[PDB]
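Only one chain is shown below, in structure tokens, and it's the form deposited in one PDB entry.
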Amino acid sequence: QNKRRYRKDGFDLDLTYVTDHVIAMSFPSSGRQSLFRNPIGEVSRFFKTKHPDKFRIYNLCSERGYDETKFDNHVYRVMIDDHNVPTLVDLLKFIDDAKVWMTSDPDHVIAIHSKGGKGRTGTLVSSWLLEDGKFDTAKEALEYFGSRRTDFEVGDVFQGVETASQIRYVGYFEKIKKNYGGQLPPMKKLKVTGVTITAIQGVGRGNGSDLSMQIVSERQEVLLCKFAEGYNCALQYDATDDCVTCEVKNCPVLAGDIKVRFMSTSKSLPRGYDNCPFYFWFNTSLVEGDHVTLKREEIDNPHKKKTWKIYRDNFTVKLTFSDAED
């Protein structure tokens, strides 16, 4: 916790200099309370005294804003839901905004914040560190963020802080910078035609009968499948292989950033983040072949070790696609 709180020069804030010019911090909260929160008046005072006319604040909270005149109108908003990811368009828009600001003056600083300054903040700080060339791999940037912000040490396995999708999206940016020259990859239109879950035993009813699947595009449900009932689908349970395979029916053309949520009627399947047992994000342009397969540690919620009694080491989810291009 010594890395967590800034305690110098009469300040007391959950604020971390990730580098000399890159700051990660928690939400500048209303009121004067300072127990596990950063009072907005004090955060305003920090940047006005320590970085006068040389700061830019990034608010990554879709859920909450504030009076941005308190920061002299130097606030940029990225609308990210807690425990989720920015769109690739929004991530790249942020990256360009940061790069222009940082290039004009060596003494300029960026302060990225979310609610706790963990997952969402780690997503954009790691992406920026790749952009600025401090690291060439997403893994290296993320682990460095963990070492500065949390009690993580470089050498041990990377766990906590970011979600699996948040990790994936930093990886997406690396691929964008390396293979696409920092440009958004060409639009790819797809339709989901099947879902396959392995190691289904012990997951809810253990045969897919409790499960439902929601596809979300641009903050709207575009499809809902209910497995046992045949609601926009056709479930098959393979007891011998310990797997379920489900034909996905009536999926509309999907493009961009897609959120897939799996829900259960069975209460014996706990809810982690996002009010469901498991979920994930992917971008259609970054899909390779006719499928995407995600291991346990690549899915949001099972990526946590506390759930590993239910989601085993061979638990995977695979989406099969069809080409929706003209």
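Residue numbers here begin at 1 and follow the sequence given. Take the two forms, find the largest set of C-alpha atoms that superpose within 1.5 Å, and that set is the rigid core.
Averaged over CA atoms, B-factors in the entry run higher in 153-161 than in the other of 237-245 and 153-161. Taking the mean C-alpha B-factor of each stretch as recorded, 267-275 and 59-67 are not equal, and the higher mean is that of 267-275.
In the deposited entry, the Cα temperature factor of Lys191 sits in the middle third of values across the chain's modelled residues. Per the PDB record, residue ranking by Cα B-factor puts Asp290 in the highest third of the chain. In this PDB entry, the Cα temperature factor of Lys54 sits in the middle third of its chain's modelled residues. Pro185 sits in the middle third of its chain by CA B factor, as recorded in the PDB entry. In this PDB entry, the Cα temperature factor of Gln166 sits in the bottom third of its chain's modelled residues, the lowest group.
There is another form of this protein, the form solved in complex with a small molecule, and it is not shown here; the text below is about that form.
Interface residue among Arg168, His83, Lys188, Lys191, judged by heavy atoms within 4.5 Å of the small molecule in the bound PDB entry: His83. Comment: the small molecule is not present in this chain, but in the bound PDB entry one of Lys226, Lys115, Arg205, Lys177 has a heavy atom within 4.5 Å of it, namely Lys115.
The shortest heavy atom separation between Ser126 and the small molecule in the bound PDB entry exceeds 4.5 Å. Shown alone here, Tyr273 lies within 4.5 Å of the small molecule in the bound PDB entry, counting heavy atoms only.
The small molecule in the bound PDB entry is not approached by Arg56, whose heavy atoms all lie more than 4.5 angstroms from it. Using a 4.5 angstroms limit between non-hydrogen atoms, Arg32 touches the small molecule in the bound PDB entry. Judged by heavy atoms within 4.5 Å of the small molecule in the bound PDB entry, the contact stretch among the candidates 191-199, 228-236, 135-143, 107-115 is 107-115. Superposing the rigid core between this form and the one not shown leaves a single residue from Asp151, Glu247, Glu218, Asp136 with a C-alpha shift of at least 2 Å: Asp151. Relative to the superposed rigid core, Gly160 undergoes a CA displacement of at least 2 Å between this form and the one not shown. The two forms, fitted on the rigid core, differ between this form and the one not shown by 2 Å or more at the CA of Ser34.
Figure legend: C-alpha atoms of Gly160 and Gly117, shown here, are separated by at least 3 angstroms less in the bound PDB entry.
In the bound PDB entry, the CA atoms of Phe158 and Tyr172 sit farther apart than in the displayed form, by at least 3 angstroms.
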